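First the structure, in the form of C-alpha cells, and then the observations on it.
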Amino acid sequence: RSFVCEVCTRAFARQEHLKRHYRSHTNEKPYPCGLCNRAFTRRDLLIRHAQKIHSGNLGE
Ligand SMILES: [Zn+2]
Ligand SMILES: [Zn+2]
C-alpha cells in the first residue's frame, strides 16, 4: 500500500525516508499542552504551566 508514519498518519513512498522521519517521533517532547499547543520535556513542567496560567483542579 504505502509507507505511512505510525505517529501522525502521514504518507510516504520509501522505507529510508519514513525511517529517518520516525526517529523524530519517540524522543520528542512527550508533554504536549492541550490548552496553548506547546510542548515540554518533564511532566512536572506541564503541571506548573497550566496551574500557573491555565488552571488546576486535577487536570490541565
Ligand atoms: Zn510522522
Ligand atoms: Zn498551555
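How things are named: the first chain in the C-alpha cells is A, the next is B, and so on; residues count from 1 in each chain; ligands count from 1 in the order shown.
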
Residues at most 12 Å from residue 46 in chain A, counting only C-alpha atoms, excluding those fewer than 3 positions away in the same chain, as a tab-separated table (two decimals) with C-alpha atoms, in the first residue's frame?
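Heads up, here's the output in out.tsv:
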chain	number	residue	atom	x	y	z
A	29	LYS	CA	8.56	16.31	23.97
A	30	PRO	CA	6.09	13.74	25.45
A	31	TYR	CA	4.15	16.52	27.28
A	32	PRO	CA	2.16	18.48	24.63
A	33	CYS	CA	-0.07	21.07	26.36
A	34	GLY	CA	-3.68	20.67	25.16
A	35	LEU	CA	-4.56	24.30	26.02
A	36	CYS	CA	-2.00	26.52	24.24
A	37	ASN	CA	-0.48	23.90	21.85
A	38	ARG	CA	3.00	23.87	23.43
A	39	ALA	CA	5.46	21.08	24.36
A	40	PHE	CA	7.53	20.24	27.48
A	41	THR	CA	10.26	17.71	28.37
A	42	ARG	CA	9.34	16.94	32.01
A	43	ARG	CA	5.91	16.10	33.48
A	49	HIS	CA	2.39	25.53	33.11
A	50	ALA	CA	-1.43	25.19	33.41
A	51	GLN	CA	-1.67	25.64	37.22
A	52	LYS	CA	0.17	28.98	36.70
A	53	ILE	CA	-1.61	30.15	33.51
A	54	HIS	CA	-4.45	27.75	32.55
A	55	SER	CA	-5.71	26.22	35.83
A	56	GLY	CA	-5.55	23.11	38.06
A	59	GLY	CA	-6.25	18.19	35.21
A	60	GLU	CA	-4.67	20.51	32.60

Could you give me, as CSV, a per-residue list for chain A showing, wherever an atom lies at most 9 Å from an atom of ligand 1, the closest pair of atoms and their distance in Å to one decimal, using only C-alpha atoms and all ligand atoms and sorting by chain then residue number from low to high?
residue,atom,partner,partner_atom_place_in_ligand_line,distance
A:4,CA,ligand 1,1 (Zn),7.7
A:5,CA,ligand 1,1 (Zn),4.5
A:6,CA,ligand 1,1 (Zn),6.5
A:7,CA,ligand 1,1 (Zn),5.1
A:8,CA,ligand 1,1 (Zn),4.6
A:9,CA,ligand 1,1 (Zn),6.5
A:10,CA,ligand 1,1 (Zn),5.9
A:11,CA,ligand 1,1 (Zn),8.5
A:18,CA,ligand 1,1 (Zn),7.6
A:21,CA,ligand 1,1 (Zn),6.1
A:22,CA,ligand 1,1 (Zn),6.0
A:24,CA,ligand 1,1 (Zn),7.7
A:25,CA,ligand 1,1 (Zn),6.4

**Report entry** Sel. of strand (DSSP E or B) residues, chain A, as a PyMOL selection string
**Finding:** chain A and resi 3+12+31-32+39-40

Could you turn the residues from that selection into a file that holds N, CA and C atoms, as a PDB file, in the first residue's frame?
ATOM      1  N   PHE A   3       3.906   3.810   2.640  1.00  0.00           N
ATOM      2  CA  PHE A   3       4.627   3.957   3.934  1.00  0.00           C
ATOM      3  C   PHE A   3       4.019   5.128   4.706  1.00  0.00           C
ATOM      4  N   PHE A  12       4.081   8.247   2.629  1.00  0.00           N
ATOM      5  CA  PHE A  12       5.437   8.291   2.002  1.00  0.00           C
ATOM      6  C   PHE A  12       5.506   7.231   0.904  1.00  0.00           C
ATOM      7  N   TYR A  31       5.155  15.777  26.463  1.00  0.00           N
ATOM      8  CA  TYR A  31       4.146  16.523  27.276  1.00  0.00           C
ATOM      9  C   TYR A  31       3.585  17.710  26.463  1.00  0.00           C
ATOM     10  N   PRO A  32       2.766  17.423  25.465  1.00  0.00           N
ATOM     11  CA  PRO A  32       2.162  18.477  24.627  1.00  0.00           C
ATOM     12  C   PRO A  32       0.971  19.112  25.351  1.00  0.00           C
ATOM     13  N   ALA A  39       4.833  22.404  24.093  1.00  0.00           N
ATOM     14  CA  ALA A  39       5.459  21.077  24.364  1.00  0.00           C
ATOM     15  C   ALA A  39       6.469  21.203  25.507  1.00  0.00           C
ATOM     16  N   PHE A  40       6.565  20.195  26.338  1.00  0.00           N
ATOM     17  CA  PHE A  40       7.528  20.241  27.477  1.00  0.00           C
ATOM     18  C   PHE A  40       8.373  18.966  27.484  1.00  0.00           C
TER      19      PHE A  40
END

Requested in this report: May I ask for the distance between CA of residue 1 in chain A and CA of residue 14 in chain A, given in Å to one decimal place?
Outcome: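 Straight-line distance from CA of residue 1 in chain A to CA of residue 14 in chain A works out to 11.3 Å.
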
Requested in this report: Please report, as a list in words, each residue of chain A to which DSSP assigns helix (DSSP H, G or I) when run on this structure's backbone.
Outcome: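 Written out, the helix (DSSP H, G or I) residues of chain A are residues 15, 16, 17, 18, 19, 20, 21, 22, 23, 24, 25, 43, 44, 45, 46, 47, 48, 49 and 50 of chain A.
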
Write a file of the selected residues as a short mmCIF file (atom, residue, chain, number, x, y, z; two decimals), in the first residue's frame, keeping N, CA, C and O atoms.
data_model
loop_
_atom_site.label_atom_id
_atom_site.label_comp_id
_atom_site.auth_asym_id
_atom_site.auth_seq_id
_atom_site.Cartn_x
_atom_site.Cartn_y
_atom_site.Cartn_z
N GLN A 15 11.22 3.49 2.39
CA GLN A 15 11.42 3.00 3.79
C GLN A 15 12.48 3.85 4.49
O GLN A 15 12.38 4.13 5.67
N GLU A 16 13.50 4.26 3.78
CA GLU A 16 14.57 5.08 4.41
C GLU A 16 14.03 6.48 4.70
O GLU A 16 14.42 7.11 5.66
N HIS A 17 13.13 6.96 3.89
CA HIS A 17 12.54 8.31 4.12
C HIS A 17 11.75 8.28 5.43
O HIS A 17 12.06 8.98 6.38
N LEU A 18 10.73 7.46 5.48
CA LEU A 18 9.91 7.34 6.72
C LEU A 18 10.79 6.83 7.88
O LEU A 18 10.44 6.98 9.03
N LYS A 19 11.90 6.22 7.57
CA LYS A 19 12.80 5.69 8.64
C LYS A 19 13.38 6.87 9.43
O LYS A 19 13.22 6.95 10.64
N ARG A 20 14.05 7.77 8.77
CA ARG A 20 14.65 8.94 9.47
C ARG A 20 13.53 9.81 10.06
O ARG A 20 13.72 10.48 11.06
N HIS A 21 12.38 9.82 9.44
CA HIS A 21 11.25 10.65 9.95
C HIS A 21 10.68 10.01 11.23
O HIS A 21 10.11 10.68 12.07
N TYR A 22 10.82 8.71 11.37
CA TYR A 22 10.29 8.03 12.58
C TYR A 22 11.20 8.31 13.78
O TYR A 22 10.77 8.31 14.91
N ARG A 23 12.47 8.54 13.53
CA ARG A 23 13.42 8.83 14.64
C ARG A 23 12.97 10.09 15.39
O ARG A 23 13.28 10.28 16.55
N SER A 24 12.25 10.97 14.72
CA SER A 24 11.78 12.22 15.38
C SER A 24 10.34 12.03 15.87
O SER A 24 9.55 12.95 15.87
N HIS A 25 10.00 10.83 16.29
CA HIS A 25 8.62 10.57 16.78
C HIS A 25 8.67 9.74 18.07
O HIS A 25 7.71 9.09 18.43
N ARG A 43 7.36 16.10 33.13
CA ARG A 43 5.91 16.10 33.48
C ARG A 43 5.63 17.20 34.51
O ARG A 43 4.61 17.85 34.46
N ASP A 44 6.53 17.40 35.43
CA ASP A 44 6.33 18.46 36.46
C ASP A 44 6.23 19.83 35.78
O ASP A 44 5.59 20.74 36.28
N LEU A 45 6.86 19.98 34.64
CA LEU A 45 6.80 21.29 33.92
C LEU A 45 5.38 21.54 33.41
O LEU A 45 4.82 22.60 33.62
N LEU A 46 4.81 20.57 32.74
CA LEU A 46 3.42 20.73 32.20
C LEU A 46 2.45 21.14 33.32
O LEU A 46 1.55 21.93 33.11
N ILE A 47 2.63 20.60 34.50
CA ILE A 47 1.72 20.95 35.63
C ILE A 47 1.93 22.42 36.01
O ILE A 47 0.99 23.17 36.14
N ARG A 48 3.16 22.82 36.20
CA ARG A 48 3.44 24.24 36.57
C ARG A 48 3.01 25.18 35.44
O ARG A 48 2.88 26.37 35.64
N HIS A 49 2.80 24.66 34.25
CA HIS A 49 2.39 25.53 33.11
C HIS A 49 0.90 25.89 33.24
O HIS A 49 0.53 27.04 33.24
N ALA A 50 0.04 24.90 33.32
CA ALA A 50 -1.43 25.19 33.41
C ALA A 50 -1.76 25.79 34.78
O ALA A 50 -2.39 26.83 34.88
#
